[PDB]
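Raw start_12.txt, compact mmCIF, N, CA and C atoms:
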```
# COMPACT_ATOMS: atom_id res chain seq x y z
N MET A 1 -6.58 39.80 0.34
CA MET A 1 -6.69 38.39 -0.01
C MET A 1 -7.64 38.20 -1.19
N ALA A 2 -7.50 37.07 -1.88
CA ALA A 2 -8.34 36.77 -3.03
C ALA A 2 -9.62 36.05 -2.60
N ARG A 3 -9.49 34.77 -2.28
CA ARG A 3 -10.63 33.97 -1.85
C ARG A 3 -10.49 33.55 -0.39
N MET A 4 -11.35 32.64 0.05
CA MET A 4 -11.32 32.16 1.43
C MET A 4 -11.40 30.64 1.47
N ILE A 5 -10.24 29.99 1.64
CA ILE A 5 -10.18 28.54 1.70
C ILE A 5 -9.18 28.08 2.75
N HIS A 6 -9.18 26.77 3.03
CA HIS A 6 -8.28 26.20 4.02
C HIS A 6 -7.12 25.47 3.34
N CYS A 7 -5.99 26.15 3.21
CA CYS A 7 -4.81 25.56 2.58
C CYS A 7 -4.56 24.16 3.10
N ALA A 8 -4.87 23.16 2.28
CA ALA A 8 -4.67 21.77 2.66
C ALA A 8 -3.19 21.39 2.62
N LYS A 9 -2.39 22.23 1.97
CA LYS A 9 -0.96 21.98 1.86
C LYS A 9 -0.25 22.25 3.18
N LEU A 10 -0.98 22.82 4.13
CA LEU A 10 -0.43 23.13 5.44
C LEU A 10 -1.42 22.78 6.55
N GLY A 11 -2.65 23.26 6.41
CA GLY A 11 -3.67 22.99 7.40
C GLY A 11 -4.18 24.25 8.07
N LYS A 12 -4.14 25.36 7.35
CA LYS A 12 -4.60 26.64 7.88
C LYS A 12 -5.61 27.29 6.94
N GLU A 13 -5.87 28.58 7.15
CA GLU A 13 -6.82 29.31 6.32
C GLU A 13 -6.10 30.32 5.43
N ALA A 14 -6.05 30.02 4.13
CA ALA A 14 -5.40 30.90 3.17
C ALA A 14 -6.36 31.32 2.07
N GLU A 15 -5.85 32.06 1.10
CA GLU A 15 -6.66 32.53 -0.02
C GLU A 15 -6.64 31.54 -1.17
N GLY A 16 -7.81 31.25 -1.73
CA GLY A 16 -7.90 30.32 -2.83
C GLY A 16 -7.76 31.00 -4.18
N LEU A 17 -7.54 30.21 -5.22
CA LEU A 17 -7.38 30.74 -6.57
C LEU A 17 -8.66 31.42 -7.04
N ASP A 18 -9.80 30.87 -6.63
CA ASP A 18 -11.10 31.42 -7.01
C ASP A 18 -11.30 31.35 -8.51
N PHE A 19 -10.72 30.32 -9.14
CA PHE A 19 -10.84 30.14 -10.58
C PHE A 19 -10.55 28.69 -10.96
N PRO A 20 -11.11 28.26 -12.10
CA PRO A 20 -10.92 26.89 -12.61
C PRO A 20 -9.50 26.65 -13.10
N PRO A 21 -8.76 25.79 -12.39
CA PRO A 21 -7.37 25.46 -12.74
C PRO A 21 -7.28 24.62 -14.01
N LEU A 22 -8.33 23.85 -14.28
CA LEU A 22 -8.37 23.01 -15.47
C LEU A 22 -9.81 22.74 -15.90
N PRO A 23 -9.98 22.32 -17.16
CA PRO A 23 -11.30 22.02 -17.72
C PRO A 23 -11.91 20.76 -17.12
N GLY A 24 -12.90 20.95 -16.25
CA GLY A 24 -13.56 19.82 -15.62
C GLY A 24 -14.04 20.15 -14.22
N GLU A 25 -14.72 19.19 -13.59
CA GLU A 25 -15.25 19.38 -12.25
C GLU A 25 -14.13 19.27 -11.21
N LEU A 26 -13.09 18.52 -11.55
CA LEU A 26 -11.96 18.33 -10.65
C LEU A 26 -11.37 19.67 -10.22
N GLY A 27 -11.10 20.53 -11.19
CA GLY A 27 -10.55 21.84 -10.90
C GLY A 27 -11.35 22.59 -9.85
N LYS A 28 -12.67 22.44 -9.91
CA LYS A 28 -13.56 23.11 -8.96
C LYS A 28 -13.15 22.79 -7.52
N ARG A 29 -12.60 21.60 -7.32
CA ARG A 29 -12.17 21.17 -5.99
C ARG A 29 -10.71 21.56 -5.74
N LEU A 30 -9.99 21.84 -6.82
CA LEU A 30 -8.58 22.22 -6.72
C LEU A 30 -8.45 23.66 -6.24
N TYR A 31 -9.23 24.55 -6.84
CA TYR A 31 -9.19 25.97 -6.48
C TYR A 31 -9.84 26.20 -5.12
N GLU A 32 -10.65 25.24 -4.69
CA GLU A 32 -11.33 25.33 -3.40
C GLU A 32 -10.53 24.63 -2.31
N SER A 33 -9.38 24.09 -2.68
CA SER A 33 -8.52 23.38 -1.73
C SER A 33 -7.13 24.01 -1.69
N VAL A 34 -6.62 24.38 -2.86
CA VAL A 34 -5.30 24.99 -2.96
C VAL A 34 -5.34 26.46 -2.55
N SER A 35 -4.20 26.98 -2.11
CA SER A 35 -4.11 28.37 -1.68
C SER A 35 -3.02 29.10 -2.46
N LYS A 36 -2.99 30.43 -2.32
CA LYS A 36 -2.00 31.25 -3.01
C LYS A 36 -0.59 30.85 -2.60
N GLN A 37 -0.47 30.18 -1.46
CA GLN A 37 0.83 29.74 -0.96
C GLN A 37 1.17 28.35 -1.47
N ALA A 38 0.21 27.44 -1.38
CA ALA A 38 0.40 26.07 -1.84
C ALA A 38 0.56 26.01 -3.35
N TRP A 39 0.05 27.03 -4.03
CA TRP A 39 0.14 27.10 -5.49
C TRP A 39 1.58 26.92 -5.96
N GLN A 40 2.50 27.61 -5.29
CA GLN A 40 3.92 27.53 -5.64
C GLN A 40 4.39 26.08 -5.64
N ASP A 41 3.87 25.29 -4.71
CA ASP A 41 4.25 23.88 -4.60
C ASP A 41 3.70 23.09 -5.78
N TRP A 42 2.50 23.44 -6.22
CA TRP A 42 1.86 22.76 -7.34
C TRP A 42 2.73 22.85 -8.59
N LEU A 43 3.38 23.99 -8.78
CA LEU A 43 4.24 24.20 -9.94
C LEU A 43 5.49 23.34 -9.85
N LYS A 44 5.97 23.12 -8.63
CA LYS A 44 7.16 22.31 -8.40
C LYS A 44 6.99 20.92 -9.00
N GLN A 45 6.02 20.17 -8.48
CA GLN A 45 5.76 18.82 -8.96
C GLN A 45 5.38 18.83 -10.44
N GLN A 46 4.72 19.90 -10.86
CA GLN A 46 4.30 20.04 -12.25
C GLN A 46 5.47 19.79 -13.20
N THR A 47 6.60 20.43 -12.92
CA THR A 47 7.79 20.29 -13.75
C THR A 47 8.39 18.89 -13.61
N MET A 48 8.55 18.45 -12.37
CA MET A 48 9.11 17.13 -12.10
C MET A 48 8.37 16.05 -12.88
N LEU A 49 7.05 16.18 -12.95
CA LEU A 49 6.22 15.22 -13.67
C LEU A 49 6.41 15.36 -15.17
N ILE A 50 6.48 16.60 -15.64
CA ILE A 50 6.66 16.87 -17.06
C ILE A 50 7.99 16.32 -17.56
N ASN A 51 8.99 16.32 -16.68
CA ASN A 51 10.31 15.82 -17.04
C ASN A 51 10.43 14.33 -16.74
N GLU A 52 9.67 13.86 -15.75
CA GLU A 52 9.69 12.46 -15.37
C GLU A 52 8.83 11.63 -16.33
N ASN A 53 7.90 12.29 -17.01
CA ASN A 53 7.02 11.61 -17.95
C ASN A 53 7.23 12.14 -19.36
N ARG A 54 7.91 13.27 -19.48
CA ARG A 54 8.18 13.88 -20.77
C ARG A 54 6.88 14.23 -21.49
N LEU A 55 5.92 14.74 -20.73
CA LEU A 55 4.63 15.13 -21.29
C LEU A 55 4.77 16.34 -22.20
N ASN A 56 3.67 16.72 -22.85
CA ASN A 56 3.67 17.86 -23.75
C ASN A 56 2.92 19.04 -23.14
N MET A 57 3.66 19.92 -22.46
CA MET A 57 3.07 21.09 -21.83
C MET A 57 2.19 21.85 -22.82
N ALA A 58 2.66 21.96 -24.06
CA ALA A 58 1.91 22.67 -25.09
C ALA A 58 0.48 22.16 -25.18
N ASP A 59 0.31 20.85 -25.07
CA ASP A 59 -1.01 20.23 -25.14
C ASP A 59 -1.58 20.03 -23.74
N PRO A 60 -2.92 19.87 -23.66
CA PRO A 60 -3.61 19.66 -22.39
C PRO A 60 -3.32 18.29 -21.79
N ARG A 61 -2.76 17.40 -22.60
CA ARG A 61 -2.43 16.06 -22.14
C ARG A 61 -1.45 16.10 -20.97
N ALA A 62 -0.65 17.16 -20.92
CA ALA A 62 0.33 17.32 -19.85
C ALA A 62 -0.32 17.84 -18.58
N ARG A 63 -1.42 18.58 -18.74
CA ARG A 63 -2.14 19.14 -17.61
C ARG A 63 -3.17 18.15 -17.08
N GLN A 64 -3.71 17.32 -17.97
CA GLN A 64 -4.70 16.33 -17.59
C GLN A 64 -4.05 15.16 -16.86
N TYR A 65 -2.79 14.91 -17.17
CA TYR A 65 -2.05 13.81 -16.55
C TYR A 65 -1.66 14.16 -15.12
N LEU A 66 -1.33 15.42 -14.89
CA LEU A 66 -0.93 15.89 -13.57
C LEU A 66 -2.14 15.98 -12.64
N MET A 67 -3.31 16.20 -13.23
CA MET A 67 -4.55 16.30 -12.46
C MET A 67 -4.77 15.04 -11.62
N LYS A 68 -4.24 13.92 -12.09
CA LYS A 68 -4.38 12.65 -11.39
C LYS A 68 -3.42 12.58 -10.20
N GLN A 69 -2.38 13.40 -10.23
CA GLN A 69 -1.39 13.42 -9.16
C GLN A 69 -1.83 14.36 -8.04
N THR A 70 -2.73 15.29 -8.37
CA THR A 70 -3.23 16.25 -7.39
C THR A 70 -4.46 15.71 -6.67
N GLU A 71 -5.29 14.98 -7.41
CA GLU A 71 -6.51 14.41 -6.84
C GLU A 71 -6.19 13.24 -5.92
N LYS A 72 -5.53 12.23 -6.47
CA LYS A 72 -5.15 11.04 -5.70
C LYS A 72 -4.28 11.42 -4.51
N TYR A 73 -3.72 12.62 -4.55
CA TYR A 73 -2.86 13.11 -3.47
C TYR A 73 -3.67 13.35 -2.20
N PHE A 74 -4.46 14.42 -2.21
CA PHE A 74 -5.29 14.76 -1.05
C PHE A 74 -6.70 14.19 -1.21
N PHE A 75 -7.29 14.41 -2.37
CA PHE A 75 -8.64 13.92 -2.65
C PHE A 75 -8.66 12.40 -2.74
N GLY A 76 -7.47 11.80 -2.72
CA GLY A 76 -7.37 10.35 -2.80
C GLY A 76 -6.74 9.74 -1.57
N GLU A 77 -5.49 9.31 -1.70
CA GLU A 77 -4.77 8.70 -0.59
C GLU A 77 -4.86 9.57 0.66
N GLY A 78 -4.93 10.89 0.46
CA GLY A 78 -5.02 11.81 1.57
C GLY A 78 -3.70 11.94 2.32
N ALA A 79 -3.08 13.11 2.21
CA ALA A 79 -1.81 13.37 2.87
C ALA A 79 -1.66 14.85 3.22
N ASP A 80 -1.58 15.14 4.51
CA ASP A 80 -1.43 16.52 4.97
C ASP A 80 -0.39 16.61 6.08
N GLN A 81 0.41 17.67 6.05
CA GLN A 81 1.44 17.88 7.06
C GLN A 81 1.53 19.35 7.47
N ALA A 82 2.03 19.59 8.67
CA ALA A 82 2.16 20.95 9.18
C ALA A 82 3.58 21.47 8.99
N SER A 83 3.76 22.37 8.03
CA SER A 83 5.07 22.94 7.74
C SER A 83 4.96 24.09 6.74
N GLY A 84 6.10 24.64 6.36
CA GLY A 84 6.11 25.74 5.41
C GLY A 84 6.15 27.09 6.09
N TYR A 85 6.57 28.12 5.35
CA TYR A 85 6.66 29.47 5.90
C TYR A 85 5.78 30.43 5.11
N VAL A 86 5.63 31.64 5.62
CA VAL A 86 4.82 32.66 4.97
C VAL A 86 5.65 33.88 4.60
N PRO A 87 6.42 33.76 3.51
CA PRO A 87 7.28 34.85 3.02
C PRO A 87 6.48 36.01 2.45
N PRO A 88 7.16 37.14 2.22
CA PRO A 88 6.53 38.35 1.67
C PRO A 88 6.13 38.18 0.21
N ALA A 89 5.55 39.23 -0.36
CA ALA A 89 5.12 39.19 -1.76
C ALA A 89 5.17 40.58 -2.38
N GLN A 90 4.78 40.67 -3.65
CA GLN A 90 4.77 41.95 -4.36
C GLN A 90 3.63 42.01 -5.36
N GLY A 91 3.36 43.21 -5.87
CA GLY A 91 2.29 43.38 -6.83
C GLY A 91 0.92 43.12 -6.23
```
Whole structure given in C-alpha cells:
Amino acid sequence: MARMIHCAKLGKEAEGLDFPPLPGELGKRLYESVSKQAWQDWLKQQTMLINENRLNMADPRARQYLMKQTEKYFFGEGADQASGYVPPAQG
C-alpha cells in the first residue's frame, strides 16, 4: 500500500495518494481523503466536467474549476455511500 487513509468514496480504509493533487491547501485534504480506488472515480467526473463546461485541460483553469466539485462534494454538502468493488491491479 502507499498511504493510510479512509476512502470517503466508500467508507473504509484504503491507501491515499500521499501527494498534492493540485496547487493549494485544498489538495492537502484531497490526498488525505481520496484513495487509490476512489481515484478512478475522480477521473470519471473530471472528463464529464471538462466536456460539460468545455474547460481547457491544458491550462490549470480546468483543474481549478473541478476542485470546487470535489470540495463542495464531501468537504461541502457531504455525500457518502457504501458501494463499489475491489478489483485486481498490476505494476
Q: Would you work out the distance separating atom CA of residue 73 of chain A from atom CA of residue 22 of chain A, expressed in Å to one decimal?
A: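 Atom CA of residue 73 of chain A sits 16.5 Å away from atom CA of residue 22 of chain A.
Using only N, CA and C atoms, the shortest contact distance between residue 86 of chain A and any of A:24, A:30, A:11, A:37 is found at A:37.
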Name the residues of chain A that come out as helix (DSSP H, G or I) in a backbone DSSP run; write them as a PDB file with N, CA and C atoms, in the coordinates of the input.
```pdb
ATOM      1  N   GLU A  25     -14.720  19.190 -13.590  1.00  0.00           N
ATOM      2  CA  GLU A  25     -15.250  19.380 -12.250  1.00  0.00           C
ATOM      3  C   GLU A  25     -14.130  19.270 -11.210  1.00  0.00           C
ATOM      4  N   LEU A  26     -13.090  18.520 -11.550  1.00  0.00           N
ATOM      5  CA  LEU A  26     -11.960  18.330 -10.650  1.00  0.00           C
ATOM      6  C   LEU A  26     -11.370  19.670 -10.220  1.00  0.00           C
ATOM      7  N   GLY A  27     -11.100  20.530 -11.190  1.00  0.00           N
ATOM      8  CA  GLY A  27     -10.550  21.840 -10.900  1.00  0.00           C
ATOM      9  C   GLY A  27     -11.350  22.590  -9.850  1.00  0.00           C
ATOM     10  N   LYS A  28     -12.670  22.440  -9.910  1.00  0.00           N
ATOM     11  CA  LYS A  28     -13.560  23.110  -8.960  1.00  0.00           C
ATOM     12  C   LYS A  28     -13.150  22.790  -7.520  1.00  0.00           C
ATOM     13  N   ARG A  29     -12.600  21.600  -7.320  1.00  0.00           N
ATOM     14  CA  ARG A  29     -12.170  21.170  -5.990  1.00  0.00           C
ATOM     15  C   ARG A  29     -10.710  21.560  -5.740  1.00  0.00           C
ATOM     16  N   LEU A  30      -9.990  21.840  -6.820  1.00  0.00           N
ATOM     17  CA  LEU A  30      -8.580  22.220  -6.720  1.00  0.00           C
ATOM     18  C   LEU A  30      -8.450  23.660  -6.240  1.00  0.00           C
ATOM     19  N   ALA A  38       0.210  27.440  -1.380  1.00  0.00           N
ATOM     20  CA  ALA A  38       0.400  26.070  -1.840  1.00  0.00           C
ATOM     21  C   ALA A  38       0.560  26.010  -3.350  1.00  0.00           C
ATOM     22  N   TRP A  39       0.050  27.030  -4.030  1.00  0.00           N
ATOM     23  CA  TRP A  39       0.140  27.100  -5.490  1.00  0.00           C
ATOM     24  C   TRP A  39       1.580  26.920  -5.960  1.00  0.00           C
ATOM     25  N   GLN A  40       2.500  27.610  -5.290  1.00  0.00           N
ATOM     26  CA  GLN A  40       3.920  27.530  -5.640  1.00  0.00           C
ATOM     27  C   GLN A  40       4.390  26.080  -5.640  1.00  0.00           C
ATOM     28  N   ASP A  41       3.870  25.290  -4.710  1.00  0.00           N
ATOM     29  CA  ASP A  41       4.250  23.880  -4.600  1.00  0.00           C
ATOM     30  C   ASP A  41       3.700  23.090  -5.780  1.00  0.00           C
ATOM     31  N   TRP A  42       2.500  23.440  -6.220  1.00  0.00           N
ATOM     32  CA  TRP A  42       1.860  22.760  -7.340  1.00  0.00           C
ATOM     33  C   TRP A  42       2.730  22.850  -8.590  1.00  0.00           C
ATOM     34  N   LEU A  43       3.380  23.990  -8.780  1.00  0.00           N
ATOM     35  CA  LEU A  43       4.240  24.200  -9.940  1.00  0.00           C
ATOM     36  C   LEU A  43       5.490  23.340  -9.850  1.00  0.00           C
ATOM     37  N   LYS A  44       5.970  23.120  -8.630  1.00  0.00           N
ATOM     38  CA  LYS A  44       7.160  22.310  -8.400  1.00  0.00           C
ATOM     39  C   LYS A  44       6.990  20.920  -9.000  1.00  0.00           C
ATOM     40  N   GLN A  45       6.020  20.170  -8.480  1.00  0.00           N
ATOM     41  CA  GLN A  45       5.760  18.820  -8.960  1.00  0.00           C
ATOM     42  C   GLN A  45       5.380  18.830 -10.440  1.00  0.00           C
ATOM     43  N   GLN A  46       4.720  19.900 -10.860  1.00  0.00           N
ATOM     44  CA  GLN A  46       4.300  20.040 -12.250  1.00  0.00           C
ATOM     45  C   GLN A  46       5.470  19.790 -13.200  1.00  0.00           C
ATOM     46  N   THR A  47       6.600  20.430 -12.920  1.00  0.00           N
ATOM     47  CA  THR A  47       7.790  20.290 -13.750  1.00  0.00           C
ATOM     48  C   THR A  47       8.390  18.890 -13.610  1.00  0.00           C
ATOM     49  N   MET A  48       8.550  18.450 -12.370  1.00  0.00           N
ATOM     50  CA  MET A  48       9.110  17.130 -12.100  1.00  0.00           C
ATOM     51  C   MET A  48       8.370  16.050 -12.880  1.00  0.00           C
ATOM     52  N   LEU A  49       7.050  16.180 -12.950  1.00  0.00           N
ATOM     53  CA  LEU A  49       6.220  15.220 -13.670  1.00  0.00           C
ATOM     54  C   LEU A  49       6.410  15.360 -15.170  1.00  0.00           C
ATOM     55  N   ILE A  50       6.480  16.600 -15.640  1.00  0.00           N
ATOM     56  CA  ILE A  50       6.660  16.870 -17.060  1.00  0.00           C
ATOM     57  C   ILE A  50       7.990  16.320 -17.560  1.00  0.00           C
ATOM     58  N   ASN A  51       8.990  16.320 -16.680  1.00  0.00           N
ATOM     59  CA  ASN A  51      10.310  15.820 -17.040  1.00  0.00           C
ATOM     60  C   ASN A  51      10.430  14.330 -16.740  1.00  0.00           C
ATOM     61  N   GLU A  52       9.670  13.860 -15.750  1.00  0.00           N
ATOM     62  CA  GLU A  52       9.690  12.460 -15.370  1.00  0.00           C
ATOM     63  C   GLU A  52       8.830  11.630 -16.330  1.00  0.00           C
ATOM     64  N   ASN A  53       7.900  12.290 -17.010  1.00  0.00           N
ATOM     65  CA  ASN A  53       7.020  11.610 -17.950  1.00  0.00           C
ATOM     66  C   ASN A  53       7.230  12.140 -19.360  1.00  0.00           C
ATOM     67  N   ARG A  61      -2.760  17.400 -22.600  1.00  0.00           N
ATOM     68  CA  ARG A  61      -2.430  16.060 -22.140  1.00  0.00           C
ATOM     69  C   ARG A  61      -1.450  16.100 -20.970  1.00  0.00           C
ATOM     70  N   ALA A  62      -0.650  17.160 -20.920  1.00  0.00           N
ATOM     71  CA  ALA A  62       0.330  17.320 -19.850  1.00  0.00           C
ATOM     72  C   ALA A  62      -0.320  17.840 -18.580  1.00  0.00           C
ATOM     73  N   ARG A  63      -1.420  18.580 -18.740  1.00  0.00           N
ATOM     74  CA  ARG A  63      -2.140  19.140 -17.610  1.00  0.00           C
ATOM     75  C   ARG A  63      -3.170  18.150 -17.080  1.00  0.00           C
ATOM     76  N   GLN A  64      -3.710  17.320 -17.970  1.00  0.00           N
ATOM     77  CA  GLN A  64      -4.700  16.330 -17.590  1.00  0.00           C
ATOM     78  C   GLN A  64      -4.050  15.160 -16.860  1.00  0.00           C
ATOM     79  N   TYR A  65      -2.790  14.910 -17.170  1.00  0.00           N
ATOM     80  CA  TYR A  65      -2.050  13.810 -16.550  1.00  0.00           C
ATOM     81  C   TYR A  65      -1.660  14.160 -15.120  1.00  0.00           C
ATOM     82  N   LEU A  66      -1.330  15.420 -14.890  1.00  0.00           N
ATOM     83  CA  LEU A  66      -0.930  15.890 -13.570  1.00  0.00           C
ATOM     84  C   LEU A  66      -2.140  15.980 -12.640  1.00  0.00           C
ATOM     85  N   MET A  67      -3.310  16.200 -13.230  1.00  0.00           N
ATOM     86  CA  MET A  67      -4.550  16.300 -12.460  1.00  0.00           C
ATOM     87  C   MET A  67      -4.770  15.040 -11.620  1.00  0.00           C
ATOM     88  N   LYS A  68      -4.240  13.920 -12.090  1.00  0.00           N
ATOM     89  CA  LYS A  68      -4.380  12.650 -11.390  1.00  0.00           C
ATOM     90  C   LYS A  68      -3.420  12.580 -10.200  1.00  0.00           C
ATOM     91  N   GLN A  69      -2.380  13.400 -10.230  1.00  0.00           N
ATOM     92  CA  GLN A  69      -1.390  13.420  -9.160  1.00  0.00           C
ATOM     93  C   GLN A  69      -1.830  14.360  -8.040  1.00  0.00           C
ATOM     94  N   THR A  70      -2.730  15.290  -8.370  1.00  0.00           N
ATOM     95  CA  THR A  70      -3.230  16.250  -7.390  1.00  0.00           C
ATOM     96  C   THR A  70      -4.460  15.710  -6.670  1.00  0.00           C
ATOM     97  N   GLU A  71      -5.290  14.980  -7.410  1.00  0.00           N
ATOM     98  CA  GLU A  71      -6.510  14.410  -6.840  1.00  0.00           C
ATOM     99  C   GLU A  71      -6.190  13.240  -5.920  1.00  0.00           C
ATOM    100  N   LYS A  72      -5.530  12.230  -6.470  1.00  0.00           N
ATOM    101  CA  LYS A  72      -5.150  11.040  -5.700  1.00  0.00           C
ATOM    102  C   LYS A  72      -4.280  11.420  -4.510  1.00  0.00           C
ATOM    103  N   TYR A  73      -3.720  12.620  -4.550  1.00  0.00           N
ATOM    104  CA  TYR A  73      -2.860  13.110  -3.470  1.00  0.00           C
ATOM    105  C   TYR A  73      -3.670  13.350  -2.200  1.00  0.00           C
ATOM    106  N   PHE A  74      -4.460  14.420  -2.210  1.00  0.00           N
ATOM    107  CA  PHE A  74      -5.290  14.760  -1.050  1.00  0.00           C
ATOM    108  C   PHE A  74      -6.700  14.190  -1.210  1.00  0.00           C
ATOM    109  N   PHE A  75      -7.290  14.410  -2.370  1.00  0.00           N
ATOM    110  CA  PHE A  75      -8.640  13.920  -2.650  1.00  0.00           C
ATOM    111  C   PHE A  75      -8.660  12.400  -2.740  1.00  0.00           C
ATOM    112  N   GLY A  76      -7.470  11.800  -2.720  1.00  0.00           N
ATOM    113  CA  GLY A  76      -7.370  10.350  -2.800  1.00  0.00           C
ATOM    114  C   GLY A  76      -6.740   9.740  -1.570  1.00  0.00           C
ATOM    115  N   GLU A  77      -5.490   9.310  -1.700  1.00  0.00           N
ATOM    116  CA  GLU A  77      -4.770   8.700  -0.590  1.00  0.00           C
ATOM    117  C   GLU A  77      -4.860   9.570   0.660  1.00  0.00           C
TER     118      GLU A  77
END
```
Q) Hey, what's within 8 Å of residue 84 of chain A if we count all atoms listed in the file and toss same-chain stuff fewer than 3 positions away? As a PyMOL selection string, please? A) chain A and resi 9-10+81+87
Q. Could you state the separation of atom CA of residue 15 of chain A and atom C of residue 33 of chain A in Å, given to one decimal place?
A. 8.7 Å
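Atom pair atom CA of residue 89 of chain A / atom N of residue 48 of chain A: separated by 23.5 Å.
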Q | Residue nearest residue 44 of chain A - candidates A:71, A:6, A:66, A:29, atoms counted: only C-alpha atoms | A |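 Ranked by minimum distance to residue 44 of chain A, first place goes to A:66.
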Q. Of the candidates A:62, A:46, A:79, A:23, which shows the shortest atom-to-atom distance to residue 8 of chain A, using only N, CA and C atoms?
A.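 Between A:62, A:46, A:79, A:23, the residue approaching residue 8 of chain A most closely is A:79.
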Q.
Could you list, as a ChimeraX atom specification, every residue within 8 Å of residue 17 of chain A, counting only C-alpha atoms and ignoring same-chain residues fewer than 4 positions away?
A. /A:2-3,31-32,34-36
Export of the given selection (N, CA and C atoms) as a CSV table (one decimal), keeping the file's coordinate frame:
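Everything below was put into result-v7.csv:
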```csv
chain,number,residue,atom,x,y,z
A,2,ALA,N,-7.5,37.1,-1.9
A,2,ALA,CA,-8.3,36.8,-3.0
A,2,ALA,C,-9.6,36.0,-2.6
A,3,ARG,N,-9.5,34.8,-2.3
A,3,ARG,CA,-10.6,34.0,-1.8
A,3,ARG,C,-10.5,33.6,-0.4
A,31,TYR,N,-9.2,24.6,-6.8
A,31,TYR,CA,-9.2,26.0,-6.5
A,31,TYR,C,-9.8,26.2,-5.1
A,32,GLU,N,-10.6,25.2,-4.7
A,32,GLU,CA,-11.3,25.3,-3.4
A,32,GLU,C,-10.5,24.6,-2.3
A,34,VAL,N,-6.6,24.4,-2.9
A,34,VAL,CA,-5.3,25.0,-3.0
A,34,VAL,C,-5.3,26.5,-2.6
A,35,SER,N,-4.2,27.0,-2.1
A,35,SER,CA,-4.1,28.4,-1.7
A,35,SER,C,-3.0,29.1,-2.5
A,36,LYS,N,-3.0,30.4,-2.3
A,36,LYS,CA,-2.0,31.2,-3.0
A,36,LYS,C,-0.6,30.8,-2.6
```
Edge lengths and centre, in Å to one decimal, as AutoDock Vina command-line options: that's what I need for the box along x, y and z that holds all listed atoms of segment 22-41 of chain A plus 3 Å on each side.
```
--center_x -5.4 --center_y 24.8 --center_z -9.3 --size_x 25.6 --size_y 18.9 --size_z 22.8
```
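Nearest-residue note for residue 64 of chain A: choosing from A:45, A:27, A:5, A:88, the minimum distance belongs to A:27, counting only C-alpha atoms.
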Save N, CA and C atoms of segment 39-50 of chain A from the block above as a short mmCIF file (atom, residue, chain, number, x, y, z; two decimals), in the first residue's frame.
```cif
data_model
loop_
_atom_site.label_atom_id
_atom_site.label_comp_id
_atom_site.auth_asym_id
_atom_site.auth_seq_id
_atom_site.Cartn_x
_atom_site.Cartn_y
_atom_site.Cartn_z
N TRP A 39 -9.77 7.16 -6.63
CA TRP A 39 -9.08 7.97 -7.62
C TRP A 39 -9.68 7.77 -9.01
N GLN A 40 -9.93 6.51 -9.36
CA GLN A 40 -10.51 6.18 -10.66
C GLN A 40 -11.81 6.94 -10.89
N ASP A 41 -12.58 7.11 -9.82
CA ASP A 41 -13.85 7.82 -9.90
C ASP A 41 -13.63 9.31 -10.15
N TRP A 42 -12.58 9.85 -9.55
CA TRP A 42 -12.25 11.27 -9.70
C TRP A 42 -12.02 11.61 -11.17
N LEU A 43 -11.39 10.69 -11.89
CA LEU A 43 -11.11 10.90 -13.31
C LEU A 43 -12.39 10.88 -14.13
N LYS A 44 -13.35 10.08 -13.70
CA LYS A 44 -14.63 9.97 -14.40
C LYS A 44 -15.30 11.33 -14.51
N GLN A 45 -15.64 11.92 -13.37
CA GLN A 45 -16.29 13.23 -13.34
C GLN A 45 -15.40 14.29 -13.99
N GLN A 46 -14.09 14.12 -13.85
CA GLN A 46 -13.14 15.07 -14.42
C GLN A 46 -13.44 15.32 -15.89
N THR A 47 -13.64 14.24 -16.64
CA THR A 47 -13.93 14.34 -18.07
C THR A 47 -15.31 14.92 -18.31
N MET A 48 -16.31 14.39 -17.60
CA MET A 48 -17.68 14.86 -17.74
C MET A 48 -17.75 16.37 -17.56
N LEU A 49 -16.99 16.89 -16.60
CA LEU A 49 -16.97 18.32 -16.33
C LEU A 49 -16.25 19.08 -17.44
N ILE A 50 -15.14 18.51 -17.91
CA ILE A 50 -14.36 19.13 -18.97
C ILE A 50 -15.17 19.24 -20.26
#
```
